[PDB]
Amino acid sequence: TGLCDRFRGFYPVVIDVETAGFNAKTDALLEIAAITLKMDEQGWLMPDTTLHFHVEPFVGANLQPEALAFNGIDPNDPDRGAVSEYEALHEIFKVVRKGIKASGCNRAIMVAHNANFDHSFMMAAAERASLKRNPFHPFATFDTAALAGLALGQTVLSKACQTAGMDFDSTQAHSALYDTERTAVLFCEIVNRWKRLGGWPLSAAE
């Protein structure tokens, strides 16, 4: 009933990014939050550690106005508190490598909504900053849109949360911290409901 036995040794980490566009290679990463997970004694999954950073646009990054219109971020504001892609990701990777070790996992896997998006941005930022020993799987993800489709019959984040019996706020939507937390709680509830229904462990049904 250990975390390391749940996902074949993958350590699931919830990620949401806010960006200045849809292209991971050309558009600025502006914000990232990460939430690691843990299992209790009863084997229920739940949020553990929470990290959140404002990110300084990389050298030569594009900034799409419509993106900034959508997320309401201003990369010029000297008050936002931005750090380098190197800084935010170094911190995230350190906390993650520590969680992998403590739980006896061997690799992290990104949990995110329409996960290829956040995965592509984090990987692009890691490559730019030349971070070595990136603990995240280089192509596998746990997409909560697909998981919600299965569990809840909904793929839109806000709707999936509401369908799962969670609160989800519009006026708080479109900020990394809130997004990541709701996503983490959605993922945990999906995993936990599968367990409550006797789908896990694989021996439980019989």
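Quick note: we count residues from 1 along the sequence shown, nothing fancier. Rigid core: the largest C-alpha set superposing within 1.5 Å between the two forms.
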| item | value |
| --- | --- |
| Farther-lying stretch by C-alpha RMS in 6 other deposited structures of this protein, rigid core as reference, of 67-75 and 118-126 | 67-75 |
| Of 56-64 and 155-163, which departs more from this form in 6 other deposited structures of this protein by CA RMS after core fitting | 56-64 |
| 81-89 versus 111-119 - which carries the larger mean C-alpha B factor in the record | 81-89 |
| 97-105 versus 127-135 - greater average Cα B-factor per the deposited record | 127-135 |
| Out of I35, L177, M166, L150, residue topping the C-alpha B-factor column of the entry | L177 |
| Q162, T50, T155, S170, ranked by C-alpha B-factor: the highest one | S170 |
| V59 by Cα B-factor - lowest, middle or highest third of the modelled chain | highest |
| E181 CA temperature factor, ranked by third within the chain | lowest |
| Third of chain Cα B-factors occupied by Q42 | highest |
| Entry-reported Cα temperature factor of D143, expressed as the chain third it lands in | lowest |
